[PDB]
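Novice: First the structure, which I've put down as structure tokens, then a few questions once you've had a look.
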Amino acid sequence: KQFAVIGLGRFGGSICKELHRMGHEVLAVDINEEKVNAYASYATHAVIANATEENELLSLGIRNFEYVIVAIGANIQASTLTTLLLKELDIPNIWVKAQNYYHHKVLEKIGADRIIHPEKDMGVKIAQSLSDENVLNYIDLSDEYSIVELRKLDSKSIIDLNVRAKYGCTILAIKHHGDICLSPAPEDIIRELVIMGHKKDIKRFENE
Amino acid sequence: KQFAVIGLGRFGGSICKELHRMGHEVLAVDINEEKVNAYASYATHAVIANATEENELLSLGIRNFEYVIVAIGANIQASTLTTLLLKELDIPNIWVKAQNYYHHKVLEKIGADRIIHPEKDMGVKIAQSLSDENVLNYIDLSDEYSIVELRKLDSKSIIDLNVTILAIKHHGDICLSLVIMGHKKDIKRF
Amino acid sequence: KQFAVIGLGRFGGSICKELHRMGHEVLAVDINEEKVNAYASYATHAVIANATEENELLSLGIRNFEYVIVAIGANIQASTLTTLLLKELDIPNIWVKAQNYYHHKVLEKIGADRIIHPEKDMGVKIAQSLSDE
Amino acid sequence: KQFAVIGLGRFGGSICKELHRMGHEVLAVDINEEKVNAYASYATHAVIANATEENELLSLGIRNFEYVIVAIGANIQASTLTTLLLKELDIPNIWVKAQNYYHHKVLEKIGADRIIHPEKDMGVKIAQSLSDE
Amino acid sequence: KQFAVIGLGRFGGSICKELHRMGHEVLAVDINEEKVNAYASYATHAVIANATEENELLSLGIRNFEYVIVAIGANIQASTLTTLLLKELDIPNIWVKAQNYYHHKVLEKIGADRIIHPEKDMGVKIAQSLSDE
Ligand SMILES: Nc1ncnc2c1ncn2[C@@H]1O[C@H](COP(=O)(O)OP(=O)(O)OP(=O)(O)O)[C@@H](O)[C@H]1O
Ligand SMILES: Nc1ncnc2c1ncn2[C@@H]1O[C@H](COP(=O)(O)OP(=O)(O)OP(=O)(O)O)[C@@H](O)[C@H]1O
Ligand SMILES: Nc1ncnc2c1ncn2[C@@H]1O[C@H](COP(=O)(O)OP(=O)(O)OP(=O)(O)O)[C@@H](O)[C@H]1O
Ligand SMILES: Nc1ncnc2c1ncn2[C@@H]1O[C@H](COP(=O)(O)OP(=O)(O)OP(=O)(O)O)[C@@H](O)[C@H]1O
Ligand SMILES: Nc1ncnc2c1ncn2[C@@H]1O[C@H](COP(=O)(O)OP(=O)(O)OP(=O)(O)O)[C@@H](O)[C@H]1O
Ligand code: NA
Ligand code: NA
Ligand code: NA
């Protein structure tokens, strides 16, 4: 697996450092010299290049990468022309960071395999946490079912609450001072909690 | 619950639209007139103001909001001075979007209740998906346990494999009691 | 002792010249090449560096200085990030030139040992002289 | 008495606030609109004007002030032409904020009654404190 | 004799070409690289330097010139600090190109031996020709 990350910003630079940490060959490309110097130690290869130029793109041997990530999300012209070149160069997987809804529509027309909205996805997740302070993190399995990680419940056993049949929801795990429990069989004392169930049913448990 | 979102960018604008959709009173503040006009329909109140000025901050009645979100993540001076003013104004919860590690350190000194790295958090999650194409989405319960949503497994019963399987998705149908929960090392084995 | 003065302006350059005149080892740091050349003869060591970068800060042996004076008073971002790095490097004394009241509050949060208002302090003394002349 | 402060910076603004606090009639002049609005409440009269223009200077009744303080210390051209106009208008006392040694010499030639170095004077006091701490 | 012309504009460059044509040693100084290259062949010595810096002025051997012509007529700060430095280095004759009436007064205070108004003087001759044509 050889990965190319084009554009070293907050999003693109984070991908380079994480992939390099996992032990992958990463080519970091950016048009700004200061960015490339900073990430020269966090990538296998770091090049100062303009990704909108076909000659510079071919000078990098970009055809040797299965995955190319275009992490340019504030320059629509630079973002769309880069992915147009990569599609012309027959890159199998092209993942692009989109700016707005109109940028997303263009990238879908010119063939971006995956389109990413980092700030928009995080903003929705943060806004869910703001609305319900109990909700610490959640993953949306579907449009009606989700897994949500959450003093009345304190000193209460699992068998004490019958939300297993009352709400049709299952308690996946409970965190006890840095200790996790898998398949918690009642009864277990709840101290001052991961649950999977229907989205409406989960809200019922938070109420009671 | 009254929420104030300061700075209407990709991150701040997303919070305003989502909170407004859920039916909450949102005050959208931005120094750019074009941004405020765009989000005037996605907020209860939209104001063109400089959040680094105390007089403009008081003109908004910012003390009436329990939650203020400072979504300025490319202007460190504007971000840190805004949160310094809000802390001086005794706002209970101040959530700030940080730019880098040094910006994160400053905001922790001047008392930001929660510090958010939107692009950095997404970049780590995207990089996990790049490394393993099977991994579609995941939530890290701990540093050793996580829930990961994922042709050899095709036409194979659950009892056929003796490897907990939380749920399986069947053409838009979910079953309760491929989503698996287990140890991080053990998940890689599967 | 050894003094490091970061930012060679009217206030920072005046500290270097006075300390160097008194016979002290002074390290002069400025991001502007022209400033460093001017103060090369007025400092024991003059370096062109960006104080907001940790690697450049460590290249100067900044840990060897008991006193570091941050004399950037118009760039709040450069001033606050410099003293944040110096606080991390466990510098005993950090004296910073503040721009306004809000800059003073930020520096007090991030551990500036002493905060200086050169123009504001002089402006009060001049105003006192004007009133009672 | 009546004081006119031209240039609302860190040094000029500090003079206006201190004099206004003591209960004196202060005219605040600055070419920047944002500065004048900020100091509108801290001065008896705050005007947006260019002090290098004689017509704008006469529009303010600058002849009515015994003391005029020119607090422009980074623009040598604006500082020296202002005090040249004030000297022509026969202002009794003109106090000017100098930038460097050469600016001090020019102002002394064109009749600045008193020349002030805020950052340089504070930098010597700070350096004395550092040496004997 | 030896002439130094500082500032290669329409007026300064015309002096260099005419003096060099007459067979005189002319030192051409300009802060702009493009101007110096253009007048490299029209001067005995052409240097890219900032005339407001004393060290750069001494690097040129400016004390060896009896006549120095300061031909900066749109930058009052650069024009007045140059002739202030030249007056300090004891240049016998300093001829300066003035911008307006106020610039003329400043240069007369800081010891400009002769002050020239090229456009103003030509504008009067042209106006005389227009009236009586
Ligand atoms: N043509 C180009 N080729 C390569 N890199 C480029 C090009 N144009 C811009 N970049 C770089 O891509 C990076 C990301 O672009 P930019 O900063 O505009 O986007 P962004 O959406 O604000 O980023 P992020 O949110 O990830 O910080 C920057 O470092 C920029 O210098
Ligand atoms: N002082 C300020 N007061 C209010 N709003 C401000 C201020 N400074 C900037 N903003 C606004 O905040 C928003 C976000 O700022 P900016 O674009 O610098 O951050 P960002 O990290 O690039 O944002 P995002 O990634 O969410 O798009 C912009 O709409 C900008 O106009
Ligand atoms: N990141 C930096 N690292 C080092 N020096 C810097 C940095 N940023 C600015 N400087 C220098 O610090 C000096 C002082 O900064 P600045 O001119 O902005 O402040 P000031 O308040 O106007 O200062 P002064 O009143 O002392 O003249 C300048 O010479 C500037 O070039
Ligand atoms: N021609 C002018 N007329 C009036 N005010 C002016 C003029 N030129 C500049 N000023 C103002 O004078 C003030 C001080 O000038 P400047 O910022 O250049 O000096 P400084 O040495 O940095 O000052 P300080 O150290 O007091 O902050 C500024 O608010 C500036 O807008
Ligand atoms: N500090 C300086 N040292 C040397 N040369 C300088 C300096 N500042 C400006 N000059 C040069 O002096 C020349 C004349 O200056 P400028 O163009 O501002 O005046 P001017 O009145 O428009 O002149 P002219 O009418 O002769 O064209 C220019 O070539 C300019 O680059
Ligand atoms: Na962003
Ligand atoms: Na100053
Ligand atoms: Na001309």
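In the structure tokens, each chain is lettered A, B, ... as it comes, each chain's residues begin at 1, and ligands are numbered from 1 in order of appearance.
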Kindly provide, as number ranges by chain, the residues of chain C having any atom no farther than 10 Å from an atom of chain D, counting only C-alpha atoms.
Specialist: C: 1-3, 9-20, 22-24, 67, 69, 71, 74, 95, 99-100, 116-128, 130-131
Novice: Residues at most 9 Å from residue B:27, counting only C-alpha atoms, excluding those fewer than 2 positions away in the same chain, as an MDAnalysis selection string?
Specialist: chainID B and resid 2:6 16 25 29 43:47 60 65
Novice: Contacts from chain B to chain A, 7 Å maximum, only C-alpha atoms: show me the residue list as a PyMOL selection string.
Specialist: chain B and resi 10-12+14-15+18-19+118-120+122-124+127+139
Novice: Can you check which residues of chain B have any atom within 7 Å of chain C? Use only C-alpha atoms and format it as a VMD selection string.
Specialist: chain B and resid 76 to 77 81 106 109 to 110
Novice: Export N, CA and C atoms of the chosen residues as a PDB file, in the first residue's frame?
Specialist:
ATOM      1  N   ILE B  76      -5.367  32.590  15.305  1.00  0.00           N
ATOM      2  CA  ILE B  76      -5.075  32.287  16.702  1.00  0.00           C
ATOM      3  C   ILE B  76      -5.345  33.498  17.583  1.00  0.00           C
ATOM      4  N   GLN B  77      -4.974  34.690  17.115  1.00  0.00           N
ATOM      5  CA  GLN B  77      -5.203  35.894  17.905  1.00  0.00           C
ATOM      6  C   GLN B  77      -6.690  36.143  18.118  1.00  0.00           C
ATOM      7  N   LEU B  81      -8.345  35.595  21.969  1.00  0.00           N
ATOM      8  CA  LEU B  81      -8.854  36.746  22.640  1.00  0.00           C
ATOM      9  C   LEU B  81     -10.332  36.632  22.805  1.00  0.00           C
ATOM     10  N   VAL B 106      -2.381  27.064  24.470  1.00  0.00           N
ATOM     11  CA  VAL B 106      -2.788  28.388  24.932  1.00  0.00           C
ATOM     12  C   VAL B 106      -4.226  28.360  25.435  1.00  0.00           C
ATOM     13  N   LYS B 109      -4.605  27.052  28.811  1.00  0.00           N
ATOM     14  CA  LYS B 109      -4.159  27.967  29.855  1.00  0.00           C
ATOM     15  C   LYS B 109      -5.220  29.015  30.171  1.00  0.00           C
ATOM     16  N   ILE B 110      -5.908  29.523  29.150  1.00  0.00           N
ATOM     17  CA  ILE B 110      -6.842  30.627  29.341  1.00  0.00           C
ATOM     18  C   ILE B 110      -8.248  30.087  29.563  1.00  0.00           C
TER      19      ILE B 110
END
Novice: Just want the residues within 6 Å of ligand 2, written as a list in words, counting only C-alpha atoms and all ligand atoms.
Specialist: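 Final answer, ordered by chain and number: residues 119 of chain A; 6, 7, 8, 9, 10, 11, 12, 29, 30, 31, 32, 35, 50, 51, 52, 71, 72, 73, 74, 75 and 78 of chain B.
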Novice: Output the selection as a compact mmCIF listing (two decimals), in the first residue's frame - C-alpha atoms for each residue.
Specialist:
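Final file, result10.txt:
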# COMPACT_ATOMS: atom_id res chain seq x y z
CA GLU A 119 -15.46 20.05 9.31
CA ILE B 6 -18.93 32.58 16.89
CA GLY B 7 -17.30 32.29 13.49
CA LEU B 8 -19.29 30.85 10.59
CA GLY B 9 -16.94 28.63 8.62
CA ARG B 10 -17.20 25.06 7.45
CA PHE B 11 -17.17 23.93 11.09
CA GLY B 12 -19.07 26.78 12.73
CA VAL B 29 -21.83 35.72 15.03
CA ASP B 30 -19.30 36.44 12.31
CA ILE B 31 -17.09 39.36 11.30
CA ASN B 32 -17.82 38.86 7.58
CA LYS B 35 -21.23 34.83 5.95
CA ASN B 50 -16.07 41.41 15.98
CA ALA B 51 -15.94 38.91 18.84
CA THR B 52 -12.57 40.27 20.02
CA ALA B 71 -15.31 28.22 15.73
CA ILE B 72 -12.27 30.24 14.62
CA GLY B 73 -9.47 27.82 13.80
CA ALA B 74 -7.18 29.78 11.49
CA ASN B 75 -6.83 33.07 13.42
CA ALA B 78 -8.93 36.19 17.20
Novice: Taking only C-alpha atoms into account, what are the residues of chain C at most 12 Å from chain A, put as a PDB file with N, CA, C and O atoms, in the first residue's frame?
Specialist:
ATOM      1  N   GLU C  53       9.140  28.863  16.649  1.00  0.00           N
ATOM      2  CA  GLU C  53       9.479  27.496  16.284  1.00  0.00           C
ATOM      3  C   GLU C  53      10.328  26.874  17.384  1.00  0.00           C
ATOM      4  O   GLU C  53      11.348  27.443  17.784  1.00  0.00           O
ATOM      5  N   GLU C  54       9.900  25.708  17.874  1.00  0.00           N
ATOM      6  CA  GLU C  54      10.623  25.052  18.959  1.00  0.00           C
ATOM      7  C   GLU C  54      12.001  24.584  18.509  1.00  0.00           C
ATOM      8  O   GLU C  54      12.968  24.667  19.275  1.00  0.00           O
ATOM      9  N   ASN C  55      12.109  24.077  17.279  1.00  0.00           N
ATOM     10  CA  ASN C  55      13.396  23.583  16.796  1.00  0.00           C
ATOM     11  C   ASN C  55      14.427  24.701  16.718  1.00  0.00           C
ATOM     12  O   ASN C  55      15.585  24.513  17.109  1.00  0.00           O
TER      13      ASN C  55
END
Novice: Would you pick out the contacts of residue C:41 at 12 Å or less, using only C-alpha atoms, so that residues sharing its chain but fewer than 4 positions from it are not included, and give the list as number ranges by chain?
Specialist: C: 13, 16-17, 20-21, 26-28, 35-37, 45-47
Novice: Those same residues - N, CA and C atoms - I'd like them written as a PDB file, in the first residue's frame.
Specialist:
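Output below, filename again.pdb:
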ATOM      1  N   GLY C  13      15.849  46.319  21.395  1.00  0.00           N
ATOM      2  CA  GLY C  13      17.195  46.755  21.077  1.00  0.00           C
ATOM      3  C   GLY C  13      17.819  47.596  22.169  1.00  0.00           C
ATOM      4  N   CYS C  16      19.305  45.233  24.793  1.00  0.00           N
ATOM      5  CA  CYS C  16      20.554  44.615  24.359  1.00  0.00           C
ATOM      6  C   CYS C  16      21.722  45.582  24.491  1.00  0.00           C
ATOM      7  N   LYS C  17      21.550  46.814  24.009  1.00  0.00           N
ATOM      8  CA  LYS C  17      22.635  47.790  24.064  1.00  0.00           C
ATOM      9  C   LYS C  17      23.017  48.111  25.501  1.00  0.00           C
ATOM     10  N   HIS C  20      24.643  44.917  27.108  1.00  0.00           N
ATOM     11  CA  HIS C  20      25.961  44.712  26.514  1.00  0.00           C
ATOM     12  C   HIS C  20      26.939  45.781  26.975  1.00  0.00           C
ATOM     13  N   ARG C  21      26.455  47.011  27.160  1.00  0.00           N
ATOM     14  CA  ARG C  21      27.304  48.073  27.688  1.00  0.00           C
ATOM     15  C   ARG C  21      27.766  47.755  29.103  1.00  0.00           C
ATOM     16  N   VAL C  26      24.696  38.633  26.108  1.00  0.00           N
ATOM     17  CA  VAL C  26      23.347  38.848  25.608  1.00  0.00           C
ATOM     18  C   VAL C  26      23.200  38.126  24.278  1.00  0.00           C
ATOM     19  N   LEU C  27      22.151  37.322  24.158  1.00  0.00           N
ATOM     20  CA  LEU C  27      21.783  36.696  22.897  1.00  0.00           C
ATOM     21  C   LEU C  27      20.633  37.486  22.286  1.00  0.00           C
ATOM     22  N   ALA C  28      20.857  38.038  21.101  1.00  0.00           N
ATOM     23  CA  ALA C  28      19.854  38.832  20.406  1.00  0.00           C
ATOM     24  C   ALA C  28      19.231  37.988  19.304  1.00  0.00           C
ATOM     25  N   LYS C  35      17.546  43.871  11.234  1.00  0.00           N
ATOM     26  CA  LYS C  35      17.694  44.157  12.658  1.00  0.00           C
ATOM     27  C   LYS C  35      18.890  43.425  13.251  1.00  0.00           C
ATOM     28  N   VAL C  36      19.076  42.158  12.879  1.00  0.00           N
ATOM     29  CA  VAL C  36      20.158  41.364  13.450  1.00  0.00           C
ATOM     30  C   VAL C  36      21.515  41.925  13.043  1.00  0.00           C
ATOM     31  N   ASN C  37      21.655  42.335  11.782  1.00  0.00           N
ATOM     32  CA  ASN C  37      22.918  42.912  11.331  1.00  0.00           C
ATOM     33  C   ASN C  37      23.233  44.201  12.077  1.00  0.00           C
ATOM     34  N   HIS C  45      25.899  37.495  20.966  1.00  0.00           N
ATOM     35  CA  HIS C  45      25.493  36.606  19.889  1.00  0.00           C
ATOM     36  C   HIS C  45      24.177  37.088  19.294  1.00  0.00           C
ATOM     37  N   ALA C  46      24.163  37.323  17.987  1.00  0.00           N
ATOM     38  CA  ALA C  46      22.969  37.779  17.288  1.00  0.00           C
ATOM     39  C   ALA C  46      22.590  36.743  16.244  1.00  0.00           C
ATOM     40  N   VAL C  47      21.339  36.294  16.277  1.00  0.00           N
ATOM     41  CA  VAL C  47      20.870  35.215  15.419  1.00  0.00           C
ATOM     42  C   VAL C  47      19.591  35.649  14.718  1.00  0.00           C
TER      43      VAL C  47
END
Novice: For the helix (DSSP H, G or I) assignment from backbone DSSP, which residues of stretch 1-109 of chain E qualify? Please present them as a PyMOL selection string.
Specialist: chain E and resi 10-22+33-38+54-59+62-64+76-88+101-109
Novice: Rounded to one decimal place, report the atom CA of residue A:186-atom CA of residue A:163 distance in Å.
Specialist: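 Distance between the two atoms: 12.2 Å.
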Novice: I'd like to know which of A:207, A:64, A:83, A:44 is closest to residue A:113, using only C-alpha atoms.
Specialist: A:83
Novice: Distance atom 28 (C, counted along the ligand's line) of ligand 5-atom CA of residue E:96, one decimal place?
Specialist: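 Atom CA of residue E:96 lies at a distance of 13.5 Å from atom 28 (C, counted along the ligand's line) of ligand 5.
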Novice: Based on the backbone DSSP call, show me all residues of chain E assigned strand (DSSP E or B), as a PDB file with C-alpha atoms, in the first residue's frame.
Specialist:
ATOM      1  CA  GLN E   2      34.037  63.953  -8.063  1.00  0.00           C
ATOM      2  CA  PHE E   3      30.236  64.028  -7.952  1.00  0.00           C
ATOM      3  CA  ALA E   4      27.885  61.686  -6.107  1.00  0.00           C
ATOM      4  CA  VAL E   5      24.264  61.489  -7.256  1.00  0.00           C
ATOM      5  CA  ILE E   6      21.912  59.682  -4.875  1.00  0.00           C
ATOM      6  CA  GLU E  25      33.670  60.888 -12.138  1.00  0.00           C
ATOM      7  CA  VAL E  26      30.089  60.239 -11.013  1.00  0.00           C
ATOM      8  CA  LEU E  27      28.959  57.833  -8.300  1.00  0.00           C
ATOM      9  CA  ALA E  28      25.364  56.722  -8.876  1.00  0.00           C
ATOM     10  CA  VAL E  29      23.499  55.411  -5.826  1.00  0.00           C
ATOM     11  CA  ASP E  30      19.981  54.001  -5.856  1.00  0.00           C
ATOM     12  CA  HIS E  45      30.494  53.783 -10.315  1.00  0.00           C
ATOM     13  CA  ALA E  46      26.928  52.562  -9.758  1.00  0.00           C
ATOM     14  CA  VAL E  47      25.972  51.016  -6.416  1.00  0.00           C
ATOM     15  CA  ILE E  48      22.778  49.518  -5.009  1.00  0.00           C
ATOM     16  CA  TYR E  67      29.410  67.584  -4.306  1.00  0.00           C
ATOM     17  CA  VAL E  68      26.610  65.194  -3.372  1.00  0.00           C
ATOM     18  CA  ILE E  69      23.227  65.567  -5.073  1.00  0.00           C
ATOM     19  CA  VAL E  70      20.257  64.023  -3.276  1.00  0.00           C
ATOM     20  CA  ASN E  93      28.152  70.874  -0.870  1.00  0.00           C
ATOM     21  CA  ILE E  94      24.796  69.109  -0.553  1.00  0.00           C
ATOM     22  CA  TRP E  95      22.182  69.792  -3.236  1.00  0.00           C
ATOM     23  CA  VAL E  96      18.744  68.336  -2.563  1.00  0.00           C
ATOM     24  CA  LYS E  97      15.620  67.937  -4.678  1.00  0.00           C
ATOM     25  CA  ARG E 114      21.161  74.261  -2.250  1.00  0.00           C
ATOM     26  CA  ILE E 115      17.535  73.207  -2.720  1.00  0.00           C
ATOM     27  CA  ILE E 116      16.145  72.473  -6.182  1.00  0.00           C
TER      28      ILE E 116
END
Novice: Rank B:93, B:56, B:98, B:80 by their smallest atom-to-atom distance to ligand 6, using only C-alpha atoms and all ligand atoms, and report the top residue only.
Specialist: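 Looking only at the distances to ligand 6, the closest residue turns out to be B:98.
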